[PDB]
């Protein structure tokens, strides 16, 4: 099924925000599903996610089993509704809101999912530990094998 993410990036540091600013619109719609879309728009839609961000970042909207993972850079947007384990993401807050929203030329009562990103995870950060950044944990010894090489049969 289709997910609509309305990126609010007021500072315009992401491609999304620059798309939107240059079209004099507050949001950049990212539509993921059978039909894909990137479009600056004036308001979110019913059931839309508003992803308020301060700039570039890896952001994961975790809405139960609805997981949307997004890379927002100054130069591009990449997104998926499917698992994306290779990368780290900031897990953002999802808070439902009762709103009134303009939908197909008419004011309608609608739920919106408010998602506030803090920008604490840089885009395209690999989701494992290099030999240096490996956390020291009591009763946890070193392994010879990499994570990949350990998953076997």
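Numbering follows the first chain given and starts at 1.
A summary of the deposited B-factors shows that, of 121-129 and 50-58, the stretch with the larger mean C-alpha value is 121-129.
Of the two stretches examined, 13-21 and 137-145, the record assigns the greater average C-alpha temperature factor to 13-21. Residue-level inspection of the entry shows that, of 35, 107, 70, 115, 107 has the top Cα B-factor. In the PDB entry, a CA B factor belonging to the middle third of its chain's modelled residues is recorded for residue 84. Placement of the Cα temperature factor of residue 64 within the chain: highest third of the modelled residues, per the deposited record. Ranked against the other modelled residues of its chain, the C-alpha B-factor of residue 43 as given in the entry falls in the middle third. When the CA B factors of the chain's modelled residues are split into thirds, the value for residue 99 lands in the middle one.
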